Each structure stands twice: as C-alpha cells, then as structure tokens.
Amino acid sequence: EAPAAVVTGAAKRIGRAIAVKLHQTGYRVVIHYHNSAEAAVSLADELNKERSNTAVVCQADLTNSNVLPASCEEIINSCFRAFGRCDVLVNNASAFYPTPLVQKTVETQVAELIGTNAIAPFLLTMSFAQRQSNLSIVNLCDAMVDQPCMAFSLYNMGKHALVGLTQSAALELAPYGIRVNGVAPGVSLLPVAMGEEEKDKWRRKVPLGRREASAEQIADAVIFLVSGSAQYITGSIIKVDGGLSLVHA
C-alpha cells in the first residue's frame, strides 16, 4: 500500500532531507550511502522508530567501473526486496572537486565525477525502468551549469550529461508512465570544508535573501515533482537558486 523510494547519497545534507520529507509524505525509503554508514543507519533507525519497517540502508560506490551496473541493479533490487515495489528514484549522490585543465589519476577523476553525476543515474534509471501508479525519477542537477566554477570541467560535464539524461529518459519512459524531472540548486548547504569568509562570499551573491537554500527547501521541490500535483510534468528542471543564476559577473 505505501509507495517506496530510493534516494542516493541519503545519509546527510540534501539527500537526508529528501529521504525524511518523502518518509513524512508516506513513502518507505531506501537510504543509499557510500562512506557514511553511521549516519545512514542512524537515519533509518529514526524513520523506523516513526513507522516500523519503513526504512532500509543500501551501501554502494557509484564510481564508474565494469561493476557499476551491478551496483545500480542492487540498489533498485534492495527496494523491491524490502518493500515489493519501487515508485520513486532520486538521483542525489554526487562527487564534486576541481579537475584543472593545466597543471588521483585523471582516469579515477573521470570515473568518480562522471560516474556519480551521470553514469550511475543512467544505470539506476535503466534498472528502475526494467523492474517496472505514479512512478517518477528526480535528478539533482545544478542551476549554475552554464556559468560554471573555474577548474571544475569534469563535474560540469557530468551535470550537463545529467540534463541530457533527464530529457532523454523523460522522452523514452513516458509511454511507461514514468516521469523524469530535475531539481537544480544554486547554493544550498555549502561544503563542510569551506571557511566562513568564503561561505559568506557565496551567500552575498544570492538576490533572494543573501543566503543559501536549506536542504529542506530543495527537498520541497523534489516532493512537488513526485506528487500528484506534477502528473503532467516530465523533462522539466526546476531551479531552486534564489535568483543566483540571473546575476551577471
């Protein structure tokens, strides 16, 4: 009776807020994680305290490799194993770090940045569709893909490829009743490693409130796109950026 969702990178930050808000809406959740085992299990424990048997964890590395298709098939399979269905996929996990063009091996950088941001979403989409209502996939995009950060070529390529996937999968999966959309943050929760001065630099750029989005504000757009209020929406990407992408240099 209750629908079920997979959220990638759901242990912390935006993915956690998405998983929590889906669970609040009535979903059973698969909390995917890679390194954040403690936080994953903690979250599943909390959700299960709320409604028993409504949350599981699933560990996987989403770096590209010849075994990534099996890892992605396993994530989707974990949903069916736990809940007997899989109604929603949220592709949220993402590696992010600079890859300067002018001077980990570069092949590892490609595997991680293109794998987590683009290839794992594609394979997760394949596995979701093959295993199949209000079914839908939501991809976490980037509102700044056309005004990218200096020296983040590979990350930017991965996020552009994720827009292409959102469009192509929305076209191809529409006859199966699967809607595919994206949510594109601008600045939301800033990197843990970032200093306060640098954080404030980014905050001051945002027209609407001179502040970053909360994780919950991003989650609210995901909730809309999976909801019955979005059943004619497919192939759309909703920027949640407080106006940041409108701001010239």
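Whichever C-alpha set is largest while still superposing within 1.5 Å between the two forms counts as the rigid core. In this text, residue numbers run from 1 along the sequence as written.
Hey, after superposing on the core, which one moves around more in 9 other deposited structures of this protein, 210-218 or 48-56, CA-wise? Greater root mean square C-alpha distance in 9 other deposited structures of this protein: 210-218.
Between us, would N134 come up missing in a third or more of the other compared entries? Looking at the other entries that model residues on either side of it, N134 is present in every one.
What about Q103, left without coordinates in a third or more of the other entries of this protein that model its neighbours? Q103: unmodelled in a third or more of the comparison entries.
Missing residues, deposited sequence, between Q103 and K104 (class: none, 1 to 3, 4 to 9, 10 or more): In the deposited sequence, 4 to 9 residues between these two have no coordinates.
Gap size between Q132 and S133, counting deposited residues with no coordinates: none, 1 to 3, 4 to 9, or 10 or more? Gap between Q132 and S133: 4 to 9 unmodelled residues.
Stretch with the greater mean C-alpha B-factor as recorded in the entry, comparing 164-172 against 145-153: The stretch with the larger average C-alpha B-factor is 145-153.
Mean temperature factor over C-alpha atoms, higher-scoring stretch between 180-188 and 42-50: Mean CA B-factor is higher for 42-50.
Among the choices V67, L62, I223, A55, identify the one whose CA B-factor in the record is greatest. Spelled out: the listed residue with the top C-alpha B-factor is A55.
Looking at the entry's B-factor column for C-alpha atoms only, identify whether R81 ranks in the lowest, middle or highest third of its chain. For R81, the deposited C-alpha B-factor lands in the highest third.
Can you tell me whether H32 has a C-alpha B-factor in the lowest, middle or highest third compared with the other modelled residues of the same chain? Ranked within chain, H32 CA B lands in the lowest tercile.
Going by the entry, which third of its chain does the Cα temperature factor of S229 land in? For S229, whose C-alpha B-factor we compare with every modelled residue in the chain, the answer is the middle third.
Would you mind checking where the Cα B-factor of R13 ranks among the modelled residues of its chain, as the lowest, middle or highest third? Highest third of the chain for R13's C-alpha B-factor.
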